[PDB]
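For reference, the chains in residue letters:
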Amino acid sequence: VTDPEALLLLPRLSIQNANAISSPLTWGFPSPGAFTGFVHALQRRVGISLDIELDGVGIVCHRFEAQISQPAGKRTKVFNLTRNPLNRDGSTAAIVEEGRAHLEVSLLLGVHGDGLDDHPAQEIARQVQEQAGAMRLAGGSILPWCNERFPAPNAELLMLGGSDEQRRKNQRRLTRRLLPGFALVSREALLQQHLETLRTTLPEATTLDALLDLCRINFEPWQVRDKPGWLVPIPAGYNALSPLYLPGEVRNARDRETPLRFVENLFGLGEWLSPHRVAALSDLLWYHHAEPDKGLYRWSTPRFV
Amino acid sequence: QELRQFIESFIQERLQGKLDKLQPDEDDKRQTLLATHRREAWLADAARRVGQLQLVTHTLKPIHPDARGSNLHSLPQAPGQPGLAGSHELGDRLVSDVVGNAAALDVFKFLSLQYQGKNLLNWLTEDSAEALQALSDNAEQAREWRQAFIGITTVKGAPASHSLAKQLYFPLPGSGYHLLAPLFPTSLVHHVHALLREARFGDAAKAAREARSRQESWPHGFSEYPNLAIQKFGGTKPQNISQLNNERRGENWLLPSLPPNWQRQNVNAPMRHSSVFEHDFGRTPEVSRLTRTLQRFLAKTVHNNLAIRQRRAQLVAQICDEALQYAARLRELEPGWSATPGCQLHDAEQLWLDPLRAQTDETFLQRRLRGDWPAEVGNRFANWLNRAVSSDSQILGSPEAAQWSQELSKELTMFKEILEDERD
Amino acid sequence: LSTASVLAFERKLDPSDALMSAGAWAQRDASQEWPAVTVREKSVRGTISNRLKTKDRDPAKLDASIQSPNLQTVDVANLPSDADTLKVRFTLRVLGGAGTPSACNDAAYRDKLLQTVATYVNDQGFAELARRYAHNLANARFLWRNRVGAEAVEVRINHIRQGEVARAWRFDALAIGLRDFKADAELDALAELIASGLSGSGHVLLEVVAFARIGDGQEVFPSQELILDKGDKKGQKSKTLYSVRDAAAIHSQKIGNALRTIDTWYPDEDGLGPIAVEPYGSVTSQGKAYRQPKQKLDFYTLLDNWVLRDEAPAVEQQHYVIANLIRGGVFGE
Amino acid sequence: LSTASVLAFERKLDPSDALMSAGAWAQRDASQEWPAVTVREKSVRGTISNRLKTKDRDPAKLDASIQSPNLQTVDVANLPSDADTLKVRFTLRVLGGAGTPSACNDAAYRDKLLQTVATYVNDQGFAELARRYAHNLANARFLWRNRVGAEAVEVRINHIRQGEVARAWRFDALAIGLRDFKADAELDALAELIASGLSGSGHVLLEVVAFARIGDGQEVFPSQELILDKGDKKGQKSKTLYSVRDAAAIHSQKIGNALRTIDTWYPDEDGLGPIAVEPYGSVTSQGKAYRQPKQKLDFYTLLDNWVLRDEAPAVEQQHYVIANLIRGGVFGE
DNA sequence: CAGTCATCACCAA
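Structure determination for this PDB entry was carried out by cryo-EM, with a resolution of 2.9 Å recorded in the header.

The PDB entry lists chain B under the name CRISPR-associated protein Csy1, from Pseudomonas aeruginosa. We quote the UniProt Subunit comment for chain B here in full: "Interacts directly with Csy2; part of the Csy ribonucleoprotein complex with a probable stoichiometry of Csy1(1),Csy2(1),Csy3(6),Cas6/Csy4(1)-crRNA(1). A Csy3(6),Cas6/Csy4(1)-crRNA(1) subcomplex is also formed." Looking at chain B in UniProt, the text filed under Sequence similarities is "Belongs to the CRISPR-associated Csy1 family."

Going by the PDB entry, chain A carries the name CRISPR-associated protein Csy2 and comes from Pseudomonas aeruginosa. Under the heading Subunit, UniProt records this for chain A: "Interacts directly with Csy1; part of the Csy ribonucleoprotein complex with a probable stoichiometry of Csy1(1),Csy2(1),Csy3(6),Cas6/Csy4(1)-crRNA(1). A Csy3(6),Cas6/Csy4(1)-crRNA(1) subcomplex is also formed."

Draft legend 1. Geometry of the overall build of chain B. A tally of regular secondary structure across chain B gives 13 helices and 6 strands. A compact globule built from 424 residues should have a C-alpha radius of gyration of about 22 Å, whereas chain B, at 35 Å, is more than 25% larger. Oriented by its inertia axes, the alpha-carbon framework of chain B measures out at about 105 × 60 × 55 Å.

Draft legend 2. Representation of the pairing of strand β9 (residues 165-172) of chain C in the model. Two strands pair when backbone bridges link them, and strand β8 (residues 152-160) of chain C and β9(C) are joined in this way by 7 bridges, in the antiparallel orientation. Looking at β9(C), one finds that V155(C) is bridged to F171(C).

Draft legend 3. Region of the structure containing the sheet that holds strand β5 (residues 229-231) of chain B. The 3 strands lie next to each other as β2(A)-β6(B)-β5(B), forming an open sheet whose pairing is mixed. Strands with a single pairing partner mark the edges of an open sheet, and in this sheet they are β2 (26-28) of chain A together with β5 of chain B. Averaged over neighbouring strand pairs, the angle between their axes works out to 45° when direction is ignored. One ladder, built from 3 bridges, connects β5(B) with strand β6 (residues 252-257) of chain B; its direction is antiparallel. Within β6(B), the residue paired with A229(B) across the bridge is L254(B).

Draft legend 4. Spotlight on the interface of chain A and chain B. Residue-level contacts link 72 residues of chain A with 77 residues of chain B. Looking at the side of chain A that touches chain B, the elements that each hand over two or more residues are β2, β3 (63-66), β5 (78-79), α5 (189-193), β10 (235-240), β11 (260-267) and β14 (296-297) of chain A. It is β11(A) that contributes the most residues to the side of chain A that touches chain B, 7 residues altogether. Class assignment of the residues belonging to the side of chain A that touches chain B gives a composition of 42 nonpolar, 12 polar and 18 charged. Across 4 bridges, the pairing between β11(A) and strand β4 (residues 177-182) of chain B is parallel. Residue pairing for β4(B): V263(A) is matched across the bridge by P182(B).

Draft legend 5. Expanded view of the domain arrangement of chain A. Residue and element names in this part refer to chain A. As far as domains go, chain A holds domain 1 (4-181) and domain 2 (182-301). Contributing elements (two or more residues each) for the side of domain 1 that touches domain 2: α1 (32-43), β6 (100-110) and α4 (167-174). Classifying every residue of the side of domain 1 that touches domain 2 gives 15 nonpolar, 11 polar and 2 charged.

Draft legend 6. Representation of the packing of helix α6 (residues 299-307) of chain D against helix α7 (residues 315-327) of chain D in the model. Residues and elements named next belong to chain D. Two elements in contact, α6 and α7, have axes whose closest approach is 10 Å; the angle formed by their N-to-C orientations is 105°. Between α6 and α7, the interaxial angle falls into the category roughly perpendicular. Along its contact with α6, which presents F299, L302, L303 and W306, the element α7 presents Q317, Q318, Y320, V321, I322, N324 and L325.

Draft legend 7. Highlighting the packing of helix α2 (residues 127-138) of chain C against helix α6 (residues 315-327) of chain C. Residues and elements named next belong to chain C. Two elements in contact, α2 and α6, have axes separated by 11 Å at closest approach and are oriented at 65°. The interaxial crossing formed by α2 with α6 has right-handed handedness. Contacts between α2 and α6 involve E128, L129, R132 and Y133 on the former and, on the latter, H319, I322, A323 and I326. Residues belonging to the contact of α2 with α6 are distributed by class as follows: 5 nonpolar, 1 polar and 2 charged.

Draft legend 8. How the structure looks around the interface of chain A and chain C. Contacts between chain A and chain C engage 40 residues on the former and 49 residues on the latter. Those elements that place two or more of their residues in the side of chain A that touches chain C are β1 (6-19), β3 and β5 of chain A. When the residues that make up the side of chain A that touches chain C are grouped by side-chain class, the tally is 16 nonpolar, 14 polar and 10 charged.

Draft legend 9. Expanded view of the environment of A248(D). Within the secondary structure, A248(D) is located in strand β12 (residues 247-250). Residue contacts for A248(D): discarding those within four places in its chain leaves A18(D), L19(D), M20(D), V37(D), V39(D), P222(D), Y242(D) and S243(D).

Draft legend 10. Highlighting the environment of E220(A). Along the chain, the position of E220(A) falls in the loop between α5 and β9 (231-232). Residues in contact with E220(A), not counting those within four places in the same chain, are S217(B) and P219(B). At a separation of 3.5 Å, a polar atom in the side chain of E220(A) contacts the side chain of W222(A).

Draft legend 11. How the structure looks around the pattern of salt bridges. In this structure, the salt-bridge partner of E10(C) is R136(A), at a minimum N-O distance of 2.7 Å. Here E10(C) is found in the loop between β1 (7-8) and β2 (14-15), whereas its partner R136(A) is found in the loop between α3 (121-132) and β7 (155-158) on a different chain. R170(C) is the salt-bridge partner of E154(C), the closest N and O atoms lying 2.9 Å from each other. With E154(C) in strand β8 and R170(C) in strand β9, this residue pair connects regions lying 16 residues apart in the sequence. Among the charged side chains, a salt-bridge network with shared partners connects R28(C), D29(C), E154(C), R156(C) and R170(C).

Draft legend 12. Summary view of the arrangement of the chains. Most contacts, compared over the 4 pairs of chains touching, are made between chains A and B. One thing to see here is that chain A and chain D don't touch, and their nearest C-alpha atoms sit 8 Å from each other. Kept free of each other, chain B and chain D leave a smallest C-alpha distance of 18 Å between them.

Draft legend 13. Just the sheet that holds strand β3 (residues 168-171) of chain B, in detail. In space, the 5 strands of this open sheet follow the order β14(A)-β10(A)-β11(A)-β4(B)-β3(B), with mixed pairing throughout. The outermost strands of the open sheet, each flanked by one partner alone, are β14 of chain A together with β3 of chain B. The sheet contact formed by β10(A) and β14(A) spans 2 bridges and is antiparallel. Across the sheet, the residue bridging to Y238(A) is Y297(A), located in β14(A).

Draft legend 14. Region of interest: the packing of aromatic side chains. Judged by centre distance (5.7 Å) and plane angle (75°), the ring pair of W34(C) and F211(C) falls under edge-to-face. In this pair, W34(C) is assigned in the loop between β3 (18-23) and β4 (40-47) and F211(C) in strand β10 (residues 205-213), connecting sequence segments 177 residues apart. Between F299(C) and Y300(C), the ring centres sit 6.4 Å apart and the planes meet at 50°, which makes this aromatic pair tilted. Of the aromatic side chains, those joined through ring pairs into one cluster are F9(C), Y280(C), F299(C), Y300(C) and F331(C). Across the ring face of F181(D), the terminal group of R132(D) is positioned such that the distance to the ring centre comes to 4.4 Å. Lying over the aromatic face of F221(D), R145(D) brings its terminal NZ or CZ to 4.0 Å of the ring centre.

Draft legend 15. A look at the pairing of β6(B). When β2(A) meets β6(B), the two strands line up parallel, connected through 3 bridges. When the sheet's bridge partners are listed, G28(A) is paired in β6(B) with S257(B).

Draft legend 16. Region of the structure containing unusual backbone geometry. Of note, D127(B) is a non-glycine position whose phi angle comes to about 65°, a positive value. Looking at the secondary structure, you find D127(B) in the loop between α4 (107-112) and α5 (139-148). Phi is positive for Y280(C), which is not a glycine, with a value near 50°. Turning to its location among the elements, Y280(C) is positioned in the loop between β15 (275-276) and β16 (282-283).

Conventions adopted
Residues numbered from 1 in each chain as written, not as in the entry; some residues may be left out. Chains lettered and ligands numbered in written order. Part of a larger assembly, values for the part shown. Heavy atoms only, no water. Residues with missing side-chain atoms left out of burial classes, pairs and counts. UniProt positions renumbered as here; feature names shortened; annotations may be inferred. Helix = DSSP H or I, 4+ residues; strand = E, 2+ residues; numbered from the N terminus. Rg over C-alpha atoms; globule rule 2.2 N^0.38 Å. Pairing = 2+ DSSP bridges. Axes fitted to C-alpha atoms, helices over the stretch in contact; angles between N-to-C directions. Contact = heavy atoms within 4.5 Å. Nonpolar A, V, L, I, M, F, W, Y, C, P; charged D, E, K, R; others polar. Domains from an automatic or database assignment. Parallel < 35°, antiparallel > 145°, perpendicular 65-115°, else oblique. Left-handed = near helix turned anticlockwise from the far one by under 90°. Polar contact = N/O pair within 3.5 Å; in protein donor to acceptor, adjacent residues only side chain to side chain. Salt bridge = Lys/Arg side-chain N within 4 Å of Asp/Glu carboxyl O. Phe/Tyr/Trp six-rings, centres within 6.5 Å; stacked < 30°, edge-to-face > 60°. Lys NZ or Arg CZ within 6 Å of the ring centre and 35° of its normal.

Here's what the structure looks like:
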């Protein structure tokens, strides 16, 4: 909601062994729920000793590879597993399947606090990076440096105090540091828009998302067409099955302080657009916003349109 | 009351199915007890083993091996925003899986065969007039069946969770946190799994593929799902999980959601006699679809022109950013860019998409591209991209030549200003 | 007081994936630019050499199929014919806060546990377990089959705190045995650093490089990933090796499993070498679980007696109980 | 007591792949810079020279296919016309510890197996096995089709400790035969080195160099690649010869086959030459299997009698069982 | 005489 003044680039985050299932109906790149949980986990450890805030994340995703294998006679995939230790009788344990992938990621944060005028912003950049290099980005660890120990420091720059001409040179200087990536935004208006193509059939909604991430072909009145983006099904929050429980009610909870619901996933849509296609970089940022009483929990990116 | 033969085929069918279980050493009580209690005590076994299970729509057995907890049983509500729908706005053709005791899910088939043939699946618990005439039991037996058959759809145990569950935190707008414990949508994954098994294979989705194979097809829609992934639940035995067997077999099919740029090639722009000068176009493997789209979307007229006039406005950026990504993932992304072999022609590509100076950096290395006008790659780019936006005598003489060359001019205008600030 | 129904410990001693690269010995001081060992595919003709099943005893098929061949497709990773030295490089983050769980139900159980851990720390710090972590760094145990038959092994460890090096160690890993934690002042200066990182006090980030002279063009052994039920067509691929980008590699969990071979104190037969730290302390190659709860020295029994009942075990079992907290786990009711 | 359901034995006697180069005699002791024999693809006009099916034998096509030519594309390697000598160079590690499995399920069976192998070792070493491997190194068995009709063959073996060499042997590989195991005192000095490798007494790395005087421009025979699961059109390639980077080569498993042709102890025709060490003694290229399961001389009968039921075989079959354990494999039930 | 620990059949396209 609150537009930040300065954006914080976390330039290279080579992370290993992230989760790659992310919902019961998708696989591949992890959910942006992991990224906004990561930035509020930065908020509870750094942002109070700097008296700043950090709300939104610019998910860029330079590289991607998944620990998958192509079997014989199939065009599908399976996942490469770990070998778990034995049971107490010496026999072998069962198999729970955890997909796994390596990533390389850039990040764009948003500051809102009095520490930006109480400090140099280099203090904010150094402290946020040196603490975030001891955390887990999606489900896996954040790696230290290598041959790539030259892009290690950050950058940070405001947008309100300054001229209004060479800020194009400034944000396209920023774009020189995230140039091979594909940003990930929320494009859920097209899920509305592809019901009118099915309005001749029914006003149903659950099979509309399963129409866009594939190759639909009819014959000549072969029918291939340019898909209008890199449009992919992402998960987009939780919807309540069960009423809110008082913090001593549910057996085997993580906490004895917070209240608990039983929820399940809701599915949206995204696109892997290059950052050139959007003018202002503050459009990309992902935010948590969810109303508590009726149980709809959701994350999206505002300011995209 | 001609609906007791289902009870006959449930009792005597299983009793005759135990004909391969022949042990001539110690069956002298097992065979007699099986013949006796397989019929009469089968109602007792289906009463005592009718209370180990429950109906579900939020199972947790499919998220951990032995996570003994409480499974949900009600559908989620409607999401109040526009543009995102899931396991609550699904249709009224839902199917509740039956999680419970793995060695007790055989009486569930005899209890749920009443939704096959007749319409008396809702006659066993309530409306036992469809369970008095062909049941052939007394008041104690009819009451015991109507009591034991209510423990499926109702609650089985206490509402709880487990240590192997997820239970995420969510920040509230101006408050603390709620714990969100997500569940596995067994009903939704059954619906999408049956939906995709008729879309990847089946009658029409494969007969249209043979119609393509006979090269004579009229328009009819088939579907193709490339690069999925498979996940197994349970393992060698998936019947310990809820049903997962009717046509699931522990194989929920996962749709791909990958990033675009995670399967790249290698950057080889060396000092070659054509790998320096002939590499002024950006010959990549992912531009064939864009060239084919710009070709095959140029023949339609403006008789349906309320949608096709909003795609070439983004294609200039969608082809210029490809050259930007190539020149910034090959030159700077590669660790080297040497002098061109046959430098009288292989030097302009080393000027435009080239890295910084190196160990062969003499005096005149940071004094040519640091002061030379970096605006010569505009006309060559317009000639290259204007070869895929080809001119025609029926295109230049028509009113589409200016309306398709203005886009190439507006694309070539800004790329020189973008790439004229790296050195100069 | 009851045991907490949700316990979960974040791991410490977090390693990366190893990377393999080939070069020559005494050219190993300029080894920042050796080329990476790639995974090569090959197909293989062989013989039926398994116990055939007489369950379906056929006097026609199972005797002639002994005579007929067996065609398979595997992976392999070799050194080049002009390289005799294998280089393996990874990094190791040590975190600290080695007694604080990531999820606990009651804060009273948390208060009963955290002062027990601090009572363990103040009288005898993490130095005595950091010695045995620093040993398994110093002798190159993470080279699993790559040490077997190697002639000279050298392990280099660099403490990095900034852009560049702070402190550097050199070792001869074959002079340091796999069974005998004989401490010496070359690595007690490493053990104090790993202990001061496990406390939570100072920064620690190691860079571990291991050299192993093997032979010209020999076969090195990167990690093989479990692929359960792949290739129902018989034109399949049996062995599949693990590769990070254009390099042979070892999984991170295998390197961590090599680093936490600490347990010498197990009560079945202690004179057989240190095993990996596990609850119900077991070993998958041996096919057997040492440290069985009938002989009440596993992790659940000792943790409950030492937190809930204050029955302190011996110091040697306490090192095991703390090593399961550096290892981390997921516990329940 | 049963055998374990999982057994894995690592290979001992692990060779690399061999690479081919060419030159002339009297330069064979300055042969370090010979150029490699290269792989060349050629195209062949030939003749239909197979049997003809009578199941759809239409004489319009079948009687007319004979008269018309046959076009095939193959691969061939030759010596240069300047040179007359093949050179083959590979390395060989001898590991030791050849009775201890690397994966098991039982512990009692593991101790029974280790004390059985120690019973074998501490009354007779590996010397009968080591001199048979030294025979197969001393003649040039590993040159498979290349030595056939070769005029003179010389085999040089070097023992390597560092950059410098420690011990050197030279031989006449045509005086030593393929069916005898008659030796001299010079081969026993190699047999004791291999037997000190197999018993873990020392580190053994060997460099085996074989020269074969064949002829000017004659054809050499590298190993042929098994190309599996193609599904292609009319044979775009029908013979692909194995090479490494710009050098023709032999697979490591074919040299490994040639070194372990040790078995002269098989029942029917033990006077008719040694065969390789397999569990079921099968020679696949000759289409039969010595050591059937019916005559109780295969590995899965003798192993189970000798380890479990204390039924020690004859010594000549004990050599077969220990050779199968130097080999390796999956010997589980 | 009552908790608890290893085993035991129960299912299952």
